[PDB]
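Residue numbers (our numbering): 112 to 364.
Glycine is no exception: its CB is placed at the ideal position from the N, C-alpha and C atoms.
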Ligand SMILES: COc1ncc(Oc2c(Cl)cc(NC(=O)CC3CCN(S(C)(=O)=O)CC3)cc2Cl)cc1C(C)C
């Protein structure tokens, strides 16, 4: 199944769907690189209460996830899977897709990430009380930055992050397997064509993205146990549904 021309057509539609849902164009993020938070602004963030920082981050992550949901809806083959399988793939892979896309907003030269209009270092997030997770995210972004991914590579890699036939709970495993296989052929064909197959051995293990996501769910549990009404009253409904329906409504539109 799937000939060379169909594989190349899949590459183009995956890259197109990603450009339409990339949230911020690469040039927009790169243009802001010398716009860095001052010492006074960093201090201001560290002095914010733990629950105010958690609400702001949950809000920014929710916006990012919304673009990942739209990417999935435009992704060739995804809307043809059943609703249960669409939701199983998004619940397990939306945050993983966000963590990979995040490397585009990371500047390896000074170890800063784009957040609320400017670039700031890891110390900006000290008030969350989850410094091991924040450093793990910055390390992961640094490791992805060393690969120098093109926008097309990001599009193809993130399509495979989401289209994972091994997620527990899939009702039509074969359908997800066939779609994952075509996306993998598209990704490997594009790397072979561009002389970039050397990135394959440098891509992170599947367990690394899973550990970052498990750490996020665990740190959220600790926060929620301490501040339950903050989560109930001020966290985005989509965020709570995924990590603590909205997804069904988002996919139906
Ligand atoms: C997992 O838990 C987390 N992941 C990241 C966290 O910190 C952030 C947040 Cl919340 C946002 C940004 N940045 C943005 O949201 C801006 C965004 C960057 C990505 N681009 S993009 C997709 O165009 O490249 C769009 C703009 C960066 C970091 Cl470190 C916090 C958490 C938990 C512990 C709460």
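Excluding residues up to 5 positions away in sequence, 121, 124, 125 and 128 lie with their Cβ nearer than 8 angstroms to the Cβ of residue 187 in the same chain.
The DSSP-derived three-state label of residue 218 is strand.
According to the DSSP secondary-structure assignment, residue 265 is paired through a beta bridge with no residue. Counting only runs that start and end inside the stretch 197-262, the alpha helix (DSSP H) elements of at least 4 residues fall at 242-256.
Among the bridge pairs identified by DSSP, residue 310 is matched with none.
For residue 147, the secondary structure class from DSSP, reduced to helix, strand or coil, is strand. Nearest to residue 335 by C-alpha distance, out of 181, 322 and 169, is 169.
Annotation: the continuous alpha helix (DSSP H) that includes residue 170 extends over 161-185.
Considering only 260, 320 and 203, the residue with the shortest C-alpha distance to residue 307 is 260.
Three or more Cβ pairs drawn from the stretch 271-279 and the stretch 176-193 lie within less than 8 angstroms of each other, which places the two stretches in contact. With a cut-off of 7 angstroms, the C-beta of residue 140 is classified as near ligand 1, since at least one heavy atom of the ligand falls inside that distance. Membership of residue 327 in the alpha helix (DSSP H) is indicated by the continuous run 317-337.
Of the other Cβ atoms in all chains shown, 16 or more fall within 10 Å of the Cβ of residue 218; this residue is therefore buried. A distance of 8 angstroms or more separates the beta carbons of residue 140 and residue 222. Its Cα nearest to that of residue 165, the residue 330 stands out among 291, 361 and 330. Ranked by how close their Cα comes to the Cα of residue 192, the residues 211, 287 and 357 have 287 in first place. Counting the other Cβ atoms within 10 Å of the Cβ of residue 243 gives fewer than 16, which makes it exposed. Residue 356 carries a coil assignment under DSSP once its states are collapsed to helix, strand and coil. Sequence-distant partners of residue 229 (beyond 5 residues in either direction) whose C-beta falls short of 8 angstroms from its own C-beta, in its chain, are 143, 146, 147, 148 and 152. In the three-state scheme derived from DSSP, where H, G and I count as helix and E and B as strand, residue 354 is classed as helix.
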